[PDB]
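Sequences listed follow chains A, L, M, N, O, E, F and G, in order.
Reading the first sequence from the start, the letters are residues 11 to 152, 171 to 237 in the authors' numbering.
Reading the second sequence from the start, the letters are residues 351 to 373, 379 to 423, 434 to 510, 515 to 547 in the authors' numbering.
Reading the third sequence from the start, the letters are residues 8 to 82, 86 to 118 in the authors' numbering.
Reading the fourth sequence from the start, the letters are residues 9 to 118 in the authors' numbering.
Reading the fifth sequence from the start, the letters are residues 9 to 115 in the authors' numbering.
Reading the sixth sequence from the start, the letters are residues 3 to 301 in the authors' numbering.
Reading the seventh sequence from the start, the letters are residues 3 to 301 in the authors' numbering.
Reading the eighth sequence from the start, the letters are residues 3 to 301 in the authors' numbering.
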Amino acid sequence: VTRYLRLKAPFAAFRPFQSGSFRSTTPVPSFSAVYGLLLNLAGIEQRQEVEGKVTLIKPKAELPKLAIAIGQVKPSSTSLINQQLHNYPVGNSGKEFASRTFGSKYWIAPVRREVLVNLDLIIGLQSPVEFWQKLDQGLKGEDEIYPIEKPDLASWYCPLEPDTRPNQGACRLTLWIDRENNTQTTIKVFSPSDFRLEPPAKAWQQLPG
Amino acid sequence: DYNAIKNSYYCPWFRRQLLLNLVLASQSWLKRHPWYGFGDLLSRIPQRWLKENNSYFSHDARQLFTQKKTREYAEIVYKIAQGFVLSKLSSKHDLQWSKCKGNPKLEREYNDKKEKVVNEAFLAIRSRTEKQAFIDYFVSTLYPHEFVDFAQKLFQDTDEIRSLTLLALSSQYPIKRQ
Amino acid sequence: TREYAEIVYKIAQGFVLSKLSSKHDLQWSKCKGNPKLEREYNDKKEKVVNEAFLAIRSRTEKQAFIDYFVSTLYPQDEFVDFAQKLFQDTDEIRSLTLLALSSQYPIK
Amino acid sequence: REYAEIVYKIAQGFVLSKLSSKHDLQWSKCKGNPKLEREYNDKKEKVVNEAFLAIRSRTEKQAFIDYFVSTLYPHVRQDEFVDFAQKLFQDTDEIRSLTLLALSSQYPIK
Amino acid sequence: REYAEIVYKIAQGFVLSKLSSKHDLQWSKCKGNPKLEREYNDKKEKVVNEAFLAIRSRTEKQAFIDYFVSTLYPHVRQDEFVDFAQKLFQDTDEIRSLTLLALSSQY
Amino acid sequence: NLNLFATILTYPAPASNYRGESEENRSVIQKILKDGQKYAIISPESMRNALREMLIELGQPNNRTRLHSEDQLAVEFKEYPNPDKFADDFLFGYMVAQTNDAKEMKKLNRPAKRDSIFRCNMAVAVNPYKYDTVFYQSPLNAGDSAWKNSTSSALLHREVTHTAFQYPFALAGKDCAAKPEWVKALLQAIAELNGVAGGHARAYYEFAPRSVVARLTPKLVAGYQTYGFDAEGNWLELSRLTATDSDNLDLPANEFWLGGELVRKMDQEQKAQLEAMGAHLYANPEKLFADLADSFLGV
Amino acid sequence: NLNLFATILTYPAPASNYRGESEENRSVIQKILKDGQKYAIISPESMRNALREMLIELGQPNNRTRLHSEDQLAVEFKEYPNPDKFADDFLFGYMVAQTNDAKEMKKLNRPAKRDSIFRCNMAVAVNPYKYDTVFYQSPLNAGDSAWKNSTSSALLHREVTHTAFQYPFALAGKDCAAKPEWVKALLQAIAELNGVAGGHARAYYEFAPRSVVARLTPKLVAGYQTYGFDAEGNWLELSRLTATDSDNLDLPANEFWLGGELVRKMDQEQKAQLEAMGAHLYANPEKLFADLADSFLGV
Amino acid sequence: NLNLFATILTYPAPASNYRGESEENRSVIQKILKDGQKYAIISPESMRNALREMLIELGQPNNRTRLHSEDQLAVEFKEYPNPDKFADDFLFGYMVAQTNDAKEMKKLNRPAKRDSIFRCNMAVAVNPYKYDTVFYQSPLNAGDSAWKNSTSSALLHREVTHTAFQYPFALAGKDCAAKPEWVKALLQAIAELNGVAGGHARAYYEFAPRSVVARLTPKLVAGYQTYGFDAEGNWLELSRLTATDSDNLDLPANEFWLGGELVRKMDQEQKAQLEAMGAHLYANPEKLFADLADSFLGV
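Here it is in structure tokens:
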């Protein structure tokens, strides 16, 4: 890796991909979300932004190549703070609903979901010099994030093989997802490793995106 | 740890909340037993009326009488509560349970006074609780009255000591007839 | 630890012992000599401790000021700052003194 | 603070002045003696006892005694604190509390 | 209030006038030797202390005694006599709490 | 070349918002385990709704009404938001319609999908909850009336507390320059917020500005993090005064004006002379936001 | 077009609210935490009931009354005879069921929900109390004529404390339907507010207003720290009231009305604010309060 | 209709009232404090018993007579409380809560409801010191008699306080059947008001009123500061200056009735000056009660 930078945030939420009627969350963000956040923070606009019923139709032909890991310093708890969020009905969709048709989003119904009390992340990116330079220009050029790479090292994550039973692992995770018919991502489960030493090469994952 | 809870017969729903506090920070959080708050919140509303009924099977002998200097700090509370209740009940009428158990047809008259002398104090400590006012109620606890080098704990925690004085006071609550 | 804790405890035991040895003129050596003399000595200490216990409760809050019974129980350089420390925020000092009196209360 | 030690200072001065009236001012005859030290403290303790007894008897005359009787017999000393010699006209209670505290400390009896 | 300092200030002038009257050459000879000051200090002590007994004797005539004595020595008395109605109509506040305790028992 | 963002605080008063999720015969409020304690919170959706309500109250045109319906809560009186002008004041204009207005063939406007301006955070209390409780009479309506009575009368209970709230803006960018008048009106509406929560009419709590202080150059937010502050003290003051004394040359205090409403009463001159002669005026939030708008029209 | 809200207080006297929620042997009053101390509460429902009672007394049309002749207390005239055509203060009582007066649509086209014009708040004390204060006594029984036969024979306790407390309130601005006499009669009823208590056997606490501040500019609530401790008689914002009209214009003093005993502390700064516009210093609070009614309604 | 309410105080004297019923070694009298000072005593319900007894000695029916035969006090009753056949202790047919039911409401049509028509409050002293004793003692008989009281000797002390204290009350009633004689008797009896706080053969105290003042007899409830006059000093004279000012220029006056002490030793010129309506000035307080009852009652 070239260098890595640290950040923290008080509140966040990471929905499982089509969790269901009742939402849920995961202790750590997905790799795809982190990749998108880093791409946007550099000021790189999305490669494709066509419009229609849906979006996110992304070929890999023109897209930066890069390798990302993930880290974690302090465990955080979870809470549930919501009572309502409307939806789009399935069924008759009778009476007025069919009468209005104004970007409908009618039939408000109650539903709850989860939030994270606190969040802090440490990992950065292994990338060529030009990409890091333009990322710095996007951050500084024409909540809070800053590089403390060498000190302040904490635990990390890594894919797990059928041995060495881990503790408090993440149930599911996403690598590269497109909102269409596909095979989604291959590996789901991940395992945390606790040691104040540089993460192993297995922790680094070369992202296809 | 979970294998222990099933041993106690007819666990009350309040002491049952011990399962909630089972969860480098929270490995040993259970050892402080900070269950006074949520245990009191629900117990206030419908079960302040029902607390007199069947003693919820003696409250599992009031958590099995704490399942038996910080340990001595916990033990002195148990000693002080029992000394207070016995001394106050004696100073009221000079009747002793040692003689009461000897003769029949007089147990429940003694026990009724014990009930009405313990519940009033329990309810007095139930309310009027804050950082400073609570310590002034300790005058009543030692009303019929080393060993002083713990104010550096009492004046600082104000919650663990309150929880112990609240829960252990129910240990002297009368046992059921059956 | 030259703090409030032992200071109040020392003066509390010294106060009760002094005046019982003045009014009754008794020493602990005579108490342990025979069981008879011990019990009324215990009884005499019983009356001495309780009258202060009830009466110190009689005067409460700032009306207690820093003037107490038999002139603050008639308690060198450490006195100057300690007096100033008890000059302000006097509420805790009186509360913790009751602990010393209960400690001096005879057992059984 | 500064007034408290001033109360302390006059307490020593009054005690030694009473000793000078009754016996010698200097204290070296009672050094390592089982009888001379005994009488020196005995006359010391009885003098403060009677003076303190008179002061604590005037419980409810707080203000007036601080004007009249509690300040003539004890010889007071003033150097520059005329401004602070004013709360004696309006406080009249805490100053008494300081005086009884100072006299109580000056009771070297075991 | 303000008269407390007025009584305070006039007292040092009163005792300084007292010292200048009974004693001669005043404080100029203090630098000669500390010896003579001891007799000056003890004499100045033995004159004030005997005045303590007389001044605190009886309220009615302790007024009559101290008017005549007070009018003699100080020279700024014309300022104070014409002001505040001659000590607030003769006798008030037991002569300012007995002349402020004879100037705080002579310092 | 940015949009400024700040943090507001409210005067203390008893809480009003009951947050549903009622269990047995009690109404409760959601809590968060910030440091193992309890804290009352409010979701940003209520603030968004209240701000839009004040925008419609001030007379600014809009195309959406949430009216009290007899059957079930719903929102209506809305048409196609074809122009960005005359609608929704450049914010919160979602659309998920599967077949609409010939998409863009006759709409000829941007889809207005997944667009937002002035994304706001959520409010947090400053004092821990002490397990309070206040009971409630709640008698039956009638024993003889034609209308029903729930067959009995109960004895309820609810909990209230007094605690201030702090609240960040988080408004950035430079694209919101089409209607500076709309921006000024929105700023005034924020300055004139009242009854933001939908809690209840009785025991009403209102969000009035009280020492709103934050600013930055055209760089992303950092430094104070809008949280991690003490209660009923000088967190504003201690935090940014200490930082600026440490960072008088590291960060420009000229643009980042003063902080704290208490320092407007004492030691104002010393702080001003030691820091800078910038536009650090602080008398009232109204004129403060007025000069913010005055300086913001040019940028 | 014009809003109003005010905070009013009363004179010190022993406590009056009593409920006995704790036990038969010991009676207690509601307690609230504040900065580590404890204070008394009077719930807004009591003031709502008292206002209804005075509207009964002042010869106004009514749509609610009690019976006091049932084992469990209930209300009769609110729900039985009235289809809710016009409430006391347009409160337009609500309740949900399978139907309400033929779905409350055909016979009388009104919404199921209500208006809630009035805006009240909790009443809080100014100084703390401390624990039990008074003893009490009870008889044994009737004896010969056995009809009561309580056979209690106990010595219970009671809780009393001496404190004068204050409370705020607010009113809607644009409500003018059938207002002219209704709202002024309601205001006149507020002016006295005599019979409010949790019990009137031995307390008899009178809610006579002592000091009022009942004006601001025609806009929303500024929230100038409504809950003011008033320094046990004073006011903590005289400094924020001096600059009636100047170059800075940092405080609006043209729209303010001041109560009685604030004026009675007769001072030279009171001269200073006399020529200041919007002085409105009236000795008698009641005539000032009626004049506010006249100015807000007639003018 | 007319509503009247008044305040009184008694002459200074030493006093002590049995108030502890808690401990035997020492007696406590202090009940409630003010502004950090303990200067208030006495219960607001003993004078009810005193009034009942005095009404008994005045020839009105002995409906409820206290009897002392058992260890614990018990009070007898007549056949049933009836506010028509007899005075019913000033029509005090009170609550009868029992499971037997079968009340007169179904037989005599008596709803058991009260006719209170009276208001009273606890008295408050004007001197704070309660830390003095008398140090009496009790002997041991040991006279070989058939009865031994305690078979011991004790040295127990008591506490007394020399103070004068004030007393407010209100009536706010109206004439009805058989009322004028009964209300006239009540006003006659309130003048003496002896035998307060039960029997006391060692301390003898009286409630003879001096400087009685009654307020706003014809007008509705508008009074304020009932506890006003104190410290052996008149205070209602400036109240007349500030409330219903004597001259009818800026604040028209009102019909007041004043006692004897406030006019016995007071400026002669003031009597002539206070003659806008002449008010009601009397030398002995008992004289004015008859005229006040005649005027308010209407006959």
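Just so you know, even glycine gets a beta-carbon here, dropped at the ideal spot from N, CA and C.
Original post:
Looking at the structure shown, is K26 of chain M part of a helix, part of a strand, or coil, going by DSSP?
Top reply: Indexing the third sequence from 1 puts residue 26 of chain M at position 19. Judged by DSSP in its simplified three-state form, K26 of chain M adopts helix.
Exercise for the section: Could you tell me which chain L residues have their CB closer than 8 Å to the CB of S24 of chain F, listed as they occur along the chain? Expected result: As a first step, residue 24 of chain F must be located in the seventh sequence, where it is residue number 22. Taking a Cβ-Cβ threshold of 8 Å, the residues of chain L close to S24 of chain F are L488, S492, in chain order.
Chain E within 8 Å of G467 of chain L, Cβ atoms only = In the second sequence, counting from the first residue as 1, residue 467 of chain L sits at position 102. Not an interface residue.
Taking contact to mean at least 3 C-beta pairs separated by less than 8 Å, is the segment 40 to 52 of chain E in contact with the segment 172 to 180 of chain E? With fewer than three CB-CB distances shorter than 8 Å, the segment 40 to 52 of chain E does not count as touching the segment 172 to 180 of chain E.
### Query
Per DSSP, which one or two residues make a beta bridge with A76 of chain E?
For the purposes of this step, residue 76 of chain E is identified with residue 74 of the sixth sequence, where counting begins at 1. DSSP lists E:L69 as partners of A76 of chain E.
> What span of residues does the alpha helix (DSSP H) with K186 of chain E cover, start to end?
Replying inline: Here residue 186 of chain E is taken as the residue at index 184 of the sixth sequence, counted from 1. 182 to 193 is the extent of the alpha helix (DSSP H) around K186 of chain E.
Buried versus exposed call for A156 of chain G [16 or more other C-beta atoms within 10 Å across all chains shown] = Translated into positions along the eighth sequence, residue 156 of chain G becomes position 154. Counting the other Cβ atoms within 10 Å of the Cβ of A156 of chain G gives fewer than 16, which makes it exposed.
(request) State yes or no: is the beta carbon of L61 of chain M nearer than 8 Å to at least one beta carbon in chain G? (result) Translated into the one-based positions of the third sequence, residue 61 of chain M becomes position 54. It does: the Cβ of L61 of chain M has a partner Cβ on chain G nearer than 8 Å.
Where does the unbroken beta strand (DSSP E) through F171 of chain F begin, and where does it stop? Locating residue 171 of chain F in the seventh sequence gives position 169, counting from the first residue. 168 to 173 is the span of the beta strand (DSSP E), which, as asked, contains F171 of chain F.
Legend entry - Nonlocal neighbours in the same chain, by C-beta distance under 6 Å from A89 of chain F, ignoring five residues either side: As a first step, residue 89 of chain F is located in the seventh sequence; it is residue number 87 there, counting from the start. If we look at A89 of chain F and ignore the five residues flanking it on each side, its Cβ neighbours are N65.
Compute the distance between the beta-carbons of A125 of chain F and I43 of chain F, then report whether it is under 8 Å.
Numbered from its first residue, the seventh sequence carries residue 125 of chain F at position 123. Numbered from its first residue, the seventh sequence carries residue 43 of chain F at position 41. A distance below 8 Å separates the beta carbons of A125 of chain F and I43 of chain F.
message = Give me the chain L residues within the contact set of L35 of chain F, using Cβ-Cβ distance strictly less than 9 Å, ordered along the chain.
response = On the seventh sequence, residue 35 of chain F is found 33 positions in, with the first residue counted as 1. Against chain L, the beta carbon of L35 of chain F has neighbours under 9 Å at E495, listed in chain order.
Checklist entry - Taking just the CA atoms, how far does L225 of chain A sit from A216 of chain E? => result Translated into positions along the sixth sequence, residue 216 of chain E becomes position 214. Translated into positions along the first sequence, residue 225 of chain A becomes position 197. The straight-line gap from Cα to Cα measures roughly 39 Å.
*What do you get for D146 of chain F, buried or exposed, if any count of 16 or more other CB atoms within 10 angstroms of its CB means buried?*
Numbered from its first residue, the seventh sequence carries residue 146 of chain F at position 144. That one is exposed.
Under a Cβ-count criterion, where at least 16 other Cβ atoms within 10 Å of its own Cβ denotes burial, should residue 302 of chain E be classed as buried or exposed?
Residue 302 of chain E cannot be examined here, being either before or after the span of chain E that is shown, 3 to 301.
Of all the options A:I205, A:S183, A:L235, which has the alpha carbon lying nearest to the alpha carbon of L379 of chain L? Position 24 of the second sequence, counting from 1, holds the residue named residue 379 of chain L. The shortest Cα separation from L379 of chain L among A:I205, A:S183, A:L235 belongs to A:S183.
Checklist line | Nonlocal neighbours in the same chain, by C-beta distance under 7 Å from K37 of chain M, ignoring five residues either side | finding: As a first step, residue 37 of chain M must be located in the third sequence, where it is residue number 30. Listed in chain order, the non-local C-beta contacts of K37 of chain M below 7 Å within the same chain comprise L44, local neighbours out to five positions each way being set aside.
>> Let me make sure I understand the geometry here. Which of G:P85, G:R212, G:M279 has the alpha-carbon closest to that of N286 of chain G?
In response: Translated into the one-based positions of the eighth sequence, residue 286 of chain G becomes position 284. Cα-wise, what sits closest to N286 of chain G is G:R212.
Next item on the list: Would you kindly report the start and end of the unbroken alpha helix (DSSP H) that includes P46 of chain E?
Entry: If you number the sixth sequence from 1, residue 46 of chain E lands on position 44. Note, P46 of chain E: alpha helix (DSSP H), 46 to 59.
Hey, out of L:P469, L:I530, L:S492, L:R365, whose CA is closest to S413 of chain L's CA? Taking the first residue of the second sequence as 1, we reach residue 413 of chain L at position 58. Of the residues L:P469, L:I530, L:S492, L:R365, the one whose Cα lies closest to the Cα of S413 of chain L is L:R365.
Sorted by chain position, which residues of the same chain lie with C-beta nearer than 8 Å to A71 of chain M's C-beta, five sequence neighbours on each side aside?
-> Residue mapping note: residue 71 of chain M aligns to position 64 of the third sequence, counting from 1. If we look at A71 of chain M and ignore the five residues flanking it on each side, its Cβ neighbours are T100, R104.
- Query: Which class does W384 of chain L belong to by DSSP, given the choice of helix, strand or coil?
  - Reply: Taking the second sequence and counting its residues from 1, one reaches residue 384 of chain L at position 29. Residue state, collapsed to three classes: helix.
message: So for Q136 of chain A, helix, strand or coil by DSSP?
response: Here residue 136 of chain A is taken as the residue at index 126 of the first sequence, counted from 1. Note: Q136 of chain A maps to strand in three-state DSSP.
Below-8 Å beta-carbon distance, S25 of chain N vs any chain M residue = To locate residue 25 of chain N, count along the fourth sequence from 1; it is residue 17. No, no contact with chain M.
Select from the segment 88 to 112 of chain M all residues with a C-beta closer than 8 Å to any C-beta belonging to chain L, and list them in chain order.
For the segment 88 to 112 of chain M, which is checked against every Cβ of chain L, the residues closer than 8 Å are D101, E102, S105, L106, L108, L109, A110, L111, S112.
(message) Report the CB separation of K63 of chain A from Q100 of chain E in whole angstroms; it is logged as a contact under 8 Å.
(response) For this step, residue 63 of chain A is matched to residue 53 along the first sequence. For this step, residue 100 of chain E is matched to residue 98 along the sixth sequence. Confirmed, about 6 Å.
Are the beta-carbon atoms belonging to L75 of chain F and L188 of chain F less than 8 Å from one another? Mapped onto the seventh sequence, residue 75 of chain F falls at position 73. Mapped onto the seventh sequence, residue 188 of chain F falls at position 186. Contact flag unset, no.
C-beta atoms of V121 of chain A and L95 of chain A nearer than 8 Å:
The residue labelled residue 121 of chain A in the question sits at position 111 within the first sequence. The residue labelled residue 95 of chain A in the question sits at position 85 within the first sequence. Yes, the pair counts as a contact, with Cβ atoms nearer than the cut-off.
Work out the CA separation of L109 of chain N and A12 of chain N for me, nearest whole Å.
Counted from its first residue, the fourth sequence places residue 12 of chain N at position 4. Counted from its first residue, the fourth sequence places residue 109 of chain N at position 101. Distance between the alpha carbons of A12 of chain N and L109 of chain N: 10 Å.
Exercise for the section: Taking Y41 of chain F and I34 of chain F to be in contact with their CB atoms under 8 Å, please state how far apart those CB atoms are, rounded to whole angstroms. Expected result: Here the question's residue 41 of chain F lines up with position 39 in the seventh sequence. Here the question's residue 34 of chain F lines up with position 32 in the seventh sequence. The C-beta distance from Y41 of chain F to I34 of chain F rounds to 5 Å, short enough to fall under 8 Å.
Problem set entry | Whole runs of the beta strand (DSSP E) within the segment 41 to 100 of chain A, excluding any shorter than 3 residues | Counting only runs of 3 or more, we get 76 to 78, 88 to 90.
Please state whether DSSP places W149 of chain F in a helix, a strand or coil. The residue you call residue 149 of chain F lines up with position 147 of the seventh sequence. Coil at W149 of chain F, not helix or strand.
Rounded to the nearest angstrom, how far is the Cβ of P254 of chain E from that of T219 of chain E, given a contact under 8 Å?
Counting from 1 along the sixth sequence, the entry for residue 254 of chain E is found at position 252. Counting from 1 along the sixth sequence, the entry for residue 219 of chain E is found at position 217. About 6 Å; that satisfies the 8 Å criterion.
Discussion item. With a threshold of 8 Å between beta carbons, is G53 of chain A in contact with chain E?
Written reply: If you number the first sequence from 1, residue 53 of chain A lands on position 43. Cβ-Cβ to chain E under 8 Å: no for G53 of chain A.
(request) May I ask you to report which of helix, strand or coil DSSP gives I173 of chain A? (result) Mapped onto the first sequence, residue 173 of chain A falls at position 145. Taken through DSSP and simplified to helix, strand or coil, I173 of chain A comes out as strand.
- What in chain L is Cβ-close to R64 of chain M, meaning under 8 Å? Here the question's residue 64 of chain M lines up with position 57 in the third sequence. Those are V504, listed as they occur along chain L.
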